[PDB]
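Working notes, structure below.
Counting starts at 1 for both ligands and their atoms, following the listed order. Here is the naming used below: chain letters follow the sequence lines, and residue numbers restart at 1 for every chain.
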Amino acid sequence: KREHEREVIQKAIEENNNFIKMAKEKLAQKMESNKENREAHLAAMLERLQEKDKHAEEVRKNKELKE
Amino acid sequence: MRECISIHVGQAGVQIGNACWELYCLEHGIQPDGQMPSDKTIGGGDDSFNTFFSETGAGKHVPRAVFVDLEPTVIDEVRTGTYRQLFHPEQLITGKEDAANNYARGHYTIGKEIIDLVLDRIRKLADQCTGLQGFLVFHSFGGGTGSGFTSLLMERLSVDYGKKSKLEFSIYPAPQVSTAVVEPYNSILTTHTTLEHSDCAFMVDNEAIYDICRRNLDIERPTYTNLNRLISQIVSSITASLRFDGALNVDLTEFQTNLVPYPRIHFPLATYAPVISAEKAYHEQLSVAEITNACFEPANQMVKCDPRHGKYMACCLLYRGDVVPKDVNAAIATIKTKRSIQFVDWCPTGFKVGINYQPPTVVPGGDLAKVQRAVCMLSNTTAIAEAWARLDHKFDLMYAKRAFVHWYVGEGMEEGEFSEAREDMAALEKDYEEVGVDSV
Amino acid sequence: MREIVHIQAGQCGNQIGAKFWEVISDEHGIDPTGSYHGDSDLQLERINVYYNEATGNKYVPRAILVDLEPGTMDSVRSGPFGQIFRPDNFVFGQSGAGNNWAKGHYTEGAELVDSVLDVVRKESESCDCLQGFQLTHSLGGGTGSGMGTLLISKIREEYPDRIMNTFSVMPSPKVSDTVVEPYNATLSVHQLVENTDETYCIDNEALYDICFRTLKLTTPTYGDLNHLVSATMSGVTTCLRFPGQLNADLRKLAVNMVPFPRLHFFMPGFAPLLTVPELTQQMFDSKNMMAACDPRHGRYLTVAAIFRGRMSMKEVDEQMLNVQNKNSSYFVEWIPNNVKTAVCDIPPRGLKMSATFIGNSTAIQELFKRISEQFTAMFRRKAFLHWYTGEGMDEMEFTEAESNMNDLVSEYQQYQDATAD
Ligand SMILES: COc1cc2cc(c1Cl)N(C)C(=O)C[C@H](OC(=O)[C@@H](C)N(C)C(=O)CCSSC)[C@@]1(C)O[C@H]1[C@H](C)[C@@H]1C[C@@](O)(NC(=O)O1)[C@H](OC)/C=C/C=C(\C)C2
Ligand SMILES: Nc1nc2c(ncn2[C@@H]2O[C@H](COP(=O)(O)OP(=O)(O)OP(=O)(O)O)[C@@H](O)[C@H]2O)c(=O)[nH]1
Ligand SMILES: Nc1nc2c(ncn2[C@@H]2O[C@H](COP(=O)(O)OP(=O)(O)OP(=O)(O)O)[C@@H](O)[C@H]2O)c(=O)[nH]1
Ligand SMILES: [Ca+2]
Ligand SMILES: [Mg+2]
Ligand SMILES: [Mg+2]
């Protein structure tokens with residue numbers, strides 16, 4: 001009976017720690033995944049704007065190459 | 001001991017916090033500067049009101065509360081309001097940019113920049129507790145902060161405080177006072193994320209509160225001030241057992257034992273009475289039987305639903321004021337033989353009663369009449385799932401076309417989080433359906 | 001606070017821009033010297049949104065004045081509230097585009113743009129929390145159409161996490177005899193659909209019809225058209241300028257108004273041109289739209305409406321519910337509660353009570369179809385295309401801009417035919 005009493009309270013601690021553990025990891029996973037996605041969206045946005053600058057350089061260059 | 005730390009998130013939570021803490025002060029005879037003449041034990045004490053108020057050596061009674069909002073304009077009013085002396089400047093936390101009605105910004109983009117600070121300030125309160133019982137989290141479903149930041153906080157609290165109890169006072173959205181079209185999205189996302197981390201959540205349907213103010217108080221167009229003053233009374237009734245003591249006083253945790261048959265089934269329906277104007281209450285004494293019978297009028301519920309078309313899993317009655325067990329038992333006996341009250345087969349049908357002889361209190365210049373006795377019924381009905389159903393329907397209409405979804409994806413979220421959350425709500429609706437079915 | 005950085009480019013932009021500052025400065029109760037002489041504290045509650053507080057309680061508009069010709073610059077400085085603008089924020093070239101989109105976007109403007117960004121940068125760096133930029137310009141010209149869309153792309157590079165708003169004035173043969181305008185518009189729309197979060201479609205075709213048919217003003221001056229614009233711009237910014245709840249900032253507005261990123265072209269409305277039911281029926285009427293489009297030819301994705309003046313909030317709520325029920329077919333059912341109402345106690349100047357309308361209707365395509373019709377008429381002949389290609393442009397950029405606007409129209413049509421089931 002004493003042995004069982006130990007196994008019960010030990011199971012309570014284990015499950016409690018597992019919940020804290022899984023919650024901590026599940027959160028860190030999301031914040032990491034969110035950081036990658038948002039950055040990749042901003043990164044893509046700038047890349048399309050960078051392509052507009054490159055396009056403008058090609059326009060201005062094309063002008064003087066017709067004179 | 002057994003202290004309770006209140007956390008007020010977003011505009012709704014903050015402004016309701018003002019109504020609640022203003023109401024608490026009047027009930028405990030605490031002055032706006034924090035002094036409490038009736039309290040002879042200076043600097044500390046183990047009285048009942050100490051569960052919500054800490055004490056300084058200068059005799060100031062300080063709310064065990066934290067106010068958090070990602071923009072300053074709402075909390076700035078607290079910092080310069082009537083009860084500004086009541087709070088230490090560190091209890092009032094603000095950012096510079098709100099979540100813009102976006103769960104993503106409140107939970108990720110903007111929220112992550114202040115979450116560490118908030119948790120530190122909460123820790124400072126918790127370290128003043130000799131036996132912390134748990135947290136009370138006030139927030140809206142609709143807002144970006146109330147939705148996003150709350151769920152982030154609830155998750156972090158589960159890490160920093162393990163299985164320490166965490167209660168919710170959630171403001172269910174209504175079109176009469178809605179602020180955003182995407183509030184259904186924010187509602188589902190928060191409910192999903194917070195579900196595993198909440199032990200008990202009291203939902204407040206703004207439309208329900210809106211209708212009660214129009215109907216019972218004759219307010220043609222209720223403001224947040226009108227709604228909050230009514231809400232604070234229900235909150236006060238629920239927390240009265242923690243803030244006061246008495247012979248027939250039953251602790252909130254005991255009710256919670258009966259109200260939560262399964263972990264996910266932790267959404268009690270609140271019904272308060274009497275809500276009446278000073279004009280009508282004059283020369284009109286509402287007896288125990290009248291206010292108790294009023295708890296079974298769906299027009300008095302905090303959430304719009306029909307318990308008569310559902311099954312009860314629990315029924316608790318939290319009385320306060322001039323009430324004795326005799327009149328209660330008589331009123332209950334009459335109701336049982338006249339109302340559509342039916343329990344599921346796997347639970348007892350006995351009503352659990354608690355009484356706080358401390359009479360109700362009203363804020364100056366309020367619309368609510370001052371009555372000798374009041375009651376708040378906390379029932380666990382399957383009918384509350386109707387609230388989920390209405391929200392989930394509005395969610396599906398927009399998500400089928402992926403409307404406004406880009407605002408969330410742009411902040412880093414994925415469509416998988418939307419579907420994941422919706423499935424959890426579908427399971428929750430199914431759970432409430434399953435508990436109602438008769439046993440084999 | 002939450003600061004907005006104003007920018008006005010080109011003739012049209014500076015005209016309506018100046019008027020915009022004349023009206024709100026009167027509402028917030030400040031004189032052309034920059035001093036406050038009002039009566040209500042509500043005027044200064046959110047003054048920082050559009051104004052910088054200087055020494056001796058001097059409120060300076062957070063505005064940046066731009067044009068490729070120094071002519072209009074003297075007009076503002078000489079006109080009323082000319083002494084209130086920051087002198088250094090005046091940025092002027094010596095060129096003059098002459099209704100060529102290429103000069104403003106690639107050649108002339110690309111040289112002056114940097115000196116503008118310096119002013120934008122100096123203004124922005126002093127913001128407690130910059131929320132975004134709002135631009136006033138036309139799409140029929142060269143500078144406002146060309147350089148205006150260049151600045152947007154440039155500003156979005158340094159401030160990508162900020163909201164980009166624009167008050168774009170659409171061209172109409174009823175006002176401007178300029179022939180090449182449908183090019184500059186299409187080329188501008190090609191940009192605005194990609195790099196702006198919300199665009200108020202100010203349409204001269206609509207502004208002309210209103211002045212002519214409703215207000216009874218034959219041969220209407222620009223002063224007559226701008227009196228509508230100023231009244232409109234004052235209304236759609238009320239929620240930003242005074243303490244409120246609904247759409248109190250540029251982001252929250254976009255979140256409630258834009259269900260899809262490309263579909264961010266609103267058709268504003270104003271009333272009158274009374275009682276609460278009268279106002280409500282007028283603002284939803286096609287005659288009161290500042291965009292030449294019939295809302296009953298499509299469906300409303302979203303709607304924002306402001307009522308100003310002392311009135312019963314009960315009556316307003318009942319009427320706004322009444323219209324949605326009587327006209328339920330013109331609101332998409334797959335977006336529940338897509339109509340939001342605001343109320344400001346302080347009315348505008350002159351009117352005891354008014355009502356401003358902001359609608360994201362699929363009927364906006366009627367405007368983009370008008371331009372597209374005028375565009376293809378010129379482009380099929382390559383009419384005056386050599387003026388563009390000479391500046392280094394390509395025929396493709398005209399083709400891409402055309403097809404991109406053709407996609408926008410079809411996309412507005414897609415969600416118009418869409419159903420719940
Ligand atoms: C064949 O029949 C014609 C002939 C001409 C004009 C037109 C027509 Cl249909 N019309 C009515 C247009 O609209 C042509 C339009 O040019 C404009 O928009 C006008 C109205 N401009 C430029 C003004 O500035 C207003 C009056 S002058 S105020 C001091 C062409 C159609 O496409 C524009 C073109 C892009 C423009 C012409 C030219 O202005 N220089 C440019 O950079 O481009 C150049 O400036 C150096 C302008 C000279 C105008 C010309 C070519 C005479
Ligand atoms: N009952 C009640 N509801 C409120 C109150 N204030 C706001 N709400 C509701 O809250 C919902 C929106 O959430 P908010 O709290 O306003 O927004 P937030 O939490 O500050 O989050 P942000 O979007 O970042 O501003 C709306 O549907 C409102 O009806 C209030 O004082 N009382
Ligand atoms: N509503 C209104 N429209 C205007 C006003 N001024 C010009 N426009 C319109 O603007 C269009 C031409 O663009 P402009 O602004 O004149 O060109 P710009 O910005 O000065 O640049 P330029 O090409 O160098 O002339 C015409 O179709 C006009 O109808 C104005 O004061 N009010
Ligand atoms: Ca004490
Ligand atoms: Mg807020
Ligand atoms: Mg010009």
Side-chain angles (χ1 to χ4, degrees), chain B residues 8-15 28-30 34-51 53-62 67-77 94-102 105-106 110-111 139-140 142-150 171 179-180 186 224, chain C residues 2 11 68-69 71 95-108 140-143 145-146 171 173 176-184 187 244-246 248-249 251-252 255 374 377-379 381-391 393:
Chain B
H8 303 272
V9 183
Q11 180 178 127
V14 165
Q15 292 186 157
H28 297 299
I30 300 172
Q35 292 292 320
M36 182 178 168
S38 58
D39 182 24
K40 307 303 180 184
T41 53
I42 306 171
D46 58 329
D47 297 283
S48 295
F49 58 84
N50 288 119
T51 58
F53 295 87
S54 67
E55 296 181 48
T56 71
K60 181 186 290 184
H61 293 54
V62 184
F67 287 66
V68 189
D69 191 13
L70 300 180
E71 64 119 337
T73 66
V74 184
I75 290 179
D76 284 339
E77 284 294 303
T94 51
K96 295 180 180 295
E97 194 177 10
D98 59 30
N101 301 317
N102 196 333
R105 291 175 62 83
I110 307 299
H139 69 102
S140 67
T145 305
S147 59
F149 187 80
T150 302
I171 310 305
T179 60
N186 298 329
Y224 288 143
Chain C
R2 302 235 61 191
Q11 184 181 32
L68 273 177
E69 49 181 355
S95 65
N99 300 335
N100 192 329
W101 192 86
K103 276 194 176 63
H105 197 70
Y106 287 107
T107 306
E108 311 298 342
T143 315
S145 63
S176 175
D177 294 333
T178 300
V179 180
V180 80
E181 303 209 315
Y183 284 162
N184 311 338
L187 293 165
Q245 190 72 5
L246 177 64
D249 64 81
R251 189 169 301 281
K252 279 189 175 181
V255 169
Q374 297 168 354
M378 306 288 177
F379 188 73
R381 319 196 305 264
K382 325 212 137 299
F384 310 108
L385 201 76
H386 55 268
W387 285 100
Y388 291 91
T389 62
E391 284 292 288
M393 282 188 68

How far is [atom] from its nearest protein heavy atom, and which residue and atom name does that atom have?
{"atom": "atom 34 (C) of ligand 1", "value": "C/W387 CG, 3.7 Å"}
{"atom": "atom 24 (O) of ligand 1", "value": "C/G98 CA, 4.1 Å"}
{"atom": "atom 19 (C) of ligand 1", "value": "C/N99 ND2, 4.4 Å"}
{"atom": "atom 11 (C) of ligand 1", "value": "C/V179 CG2, 3.3 Å"}

Legend entry - Plane angle bin for B/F49 and B/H61 - parallel if under 30°, tilted between 30 and 60°, otherwise perpendicular: tilted

Inset, instruction - Flag yes if more than 12 heavy atoms outside C/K382 fall under 6.0 Å of its NZ atom; otherwise flag no. - result: yes

Inset, instruction - Count the heavy atoms of every other residue, nucleotide or ligand shown that sit under 6.0 Å from CD of B/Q35, and state whether that count exceeds 12. - result: yes

Legend entry - N, O or S from B/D47 under 3.0 Å to the Ca ion (ligand 4): no

Legend entry - N/O/S atom of B/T41 inside 3.0 Å of the Ca ion (ligand 4), strictly under: yes

Less than 4.0 Å between [atom] and some protein heavy atom, yes or no?
{"atom": "atom 48 (C) of ligand 1", "value": "no"}
{"atom": "atom 31 (C) of ligand 1", "value": "yes"}
{"atom": "atom 44 (C) of ligand 1", "value": "yes"}
{"atom": "atom 52 (C) of ligand 1", "value": "no"}
{"atom": "atom 16 (O) of ligand 1", "value": "no"}
{"atom": "atom 36 (C) of ligand 1", "value": "yes"}
{"atom": "atom 28 (S) of ligand 1", "value": "no"}
{"atom": "atom 6 (C) of ligand 1", "value": "no"}

How long is the gap from [atom1] on [X] to [atom2] on [Y], to the nearest 0.5 Å?
{"X": "B/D39", "Y": "B/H28", "atom1": "CG", "atom2": "NE2", "value": "11.5 Å"}
{"X": "B/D98", "Y": "C/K252", "atom1": "CG", "atom2": "NZ", "value": "4.0 Å"}
{"X": "B/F149", "Y": "B/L70", "atom1": "CZ", "atom2": "CG", "value": "6.5 Å"}
{"X": "B/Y224", "Y": "B/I171", "atom1": "OH", "atom2": "CD1", "value": "10.5 Å"}

Inset, instruction - Would you give the angle at the Ca ion (ligand 4) between B/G44 atom O and B/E55 atom OE1, to the nearest 10°? - result: 80°

Legend entry - C/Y106 six-ring centre to C/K103 NZ/CZ under 6.0 Å and within 45° of normal: no

Inset, instruction - Just let me know how C/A97 lines up against ligand 1, side chain, backbone, both or neither, with a heavy-atom cut-off below 4.0 Å. - result: backbone

Legend entry - Name of the residue among C/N100, C/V180, C/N99 meeting side chain to side chain contact (heavy atoms under 4.5 Å, CB included) with C/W387: C/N100

Inset, instruction - Report yes if C/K103 has an N/O atom closer than 3.5 Å to an N/O atom of ligand 1; otherwise report no. - result: yes

Inset, instruction - Check whether any N or O atom of C/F384, backbone or side chain, sits under 3.5 Å from an N or O atom of ligand 1, and answer yes or no. - result: no

Legend entry - Check: B/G144 main-chain N/O paired with B/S147 side-chain donor or acceptor under 3.5 Å: yes

Inset, instruction - Would you check if the side chain of B/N186 reaches a backbone N or O of B/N101 as a donor-acceptor pair within less than 3.5 Å? - result: yes

Legend entry - Close-contact set for ligand 1 against C/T178 heavy atoms, below 4.0 Å: 18 (O)

Inset, instruction - Walk me through it: do C/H105 and C/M393 pass the test side-chain contact (heavy atoms from CB on, under 4.5 Å)? - result: CA-CA 10 Å; C/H105 197 70; C/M393 282 188 68; over 6 Å; no

Legend entry - For atom 33 (C) of ligand 1, the option (of C/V180, C/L385, C/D177) bearing the nearest heavy atom: C/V180

